[PDB]
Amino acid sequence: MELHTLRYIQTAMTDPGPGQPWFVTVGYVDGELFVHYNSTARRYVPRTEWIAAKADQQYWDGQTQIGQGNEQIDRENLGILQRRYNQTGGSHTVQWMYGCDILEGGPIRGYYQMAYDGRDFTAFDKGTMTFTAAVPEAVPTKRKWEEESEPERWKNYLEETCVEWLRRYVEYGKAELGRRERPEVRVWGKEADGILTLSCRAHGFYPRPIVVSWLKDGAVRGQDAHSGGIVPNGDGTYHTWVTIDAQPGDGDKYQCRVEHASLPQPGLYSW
């Protein structure tokens, strides 16, 4: 089944750090970064080759207008929220995430959520056409938005607009999104204090999902198994590492197994 996602996330900070823009928006198609805006450049730029190639100038112009408008709004939001919370300066952040998921072309979800200082603030519930106030300070926002018919507006963005563009993007980048990049795998060992820690590292795979298991003479022994999760490289591919603690001299006993879309049969690796 063909599953695709479109996701925008937006960050407005009072304290982004030296040299850093205080406002940033980025968009993802199937988890892959493809557009970017920040308050420094003040325009939307492509982050994949396929969006840069298939989109025209009017697309970027119009999107840049959206980005600038969002910046001005969140500039104001930061001020409104700090006063509502009785906070003067220091460090505060607004976060937005919203988007849609399609399966076989049909929408299966649409979300629009906000957080303040790292905590849920509001979430759109599309089913009941209501906004949820997660904290007392969000109650006037809920009341304001539902008063101005924001539910209908976000219902049509999420069910029509978001979905339409997602279907467009997936066709633009069909070859790229469906690409396969095979990991290079290395098993390494380090003994310290009567404990041999065996490491298995998968380098540069795409797509993101992967299963890396430690097999102890054939059986999926995930007891000592510590996974570092899946982490990104700078080049659009991913990385993961999984360790297992063993007894000294028990190294040729363990096998690393890597299951990934680029590998027709699972890879087996050892020290």
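Residue indices: 1-based, along the sequence shown.
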- Could you settle it for me: does 62 to 70 or 233 to 241 have the higher average Cα B factor in the PDB entry? 62 to 70
- Assert higher mean C-alpha B factor (94 to 102 or 122 to 130, deposited values) equals 122 to 130
- Query: Among 35, 215, 211, 29, which residue carries the highest C-alpha B-factor recorded in the PDB entry?
  - Reply: 215
- Scanning 142, 201, 179, 75 for peak Cα temperature factor in the entry gives 75
- Query: With respect to C-alpha B-factor, does residue 8 fall in the lowest, middle or highest third of the chain as deposited?
  - Reply: lowest
- Item | Position of residue 195 among the chain's modelled residues by C-alpha B-factor, lowest, middle or highest third | highest
- Query: How does residue 253 rank on Cα B-factor within its chain, lowest, middle or highest third?
  - Reply: highest
- residue 222: CA temperature factor from the record, placed by chain third, in the highest
- Task: Would you check the entry's CA temperature factor for residue 20 and let me know if it's in the chain's lowest, middle or highest third?
- Result: middle
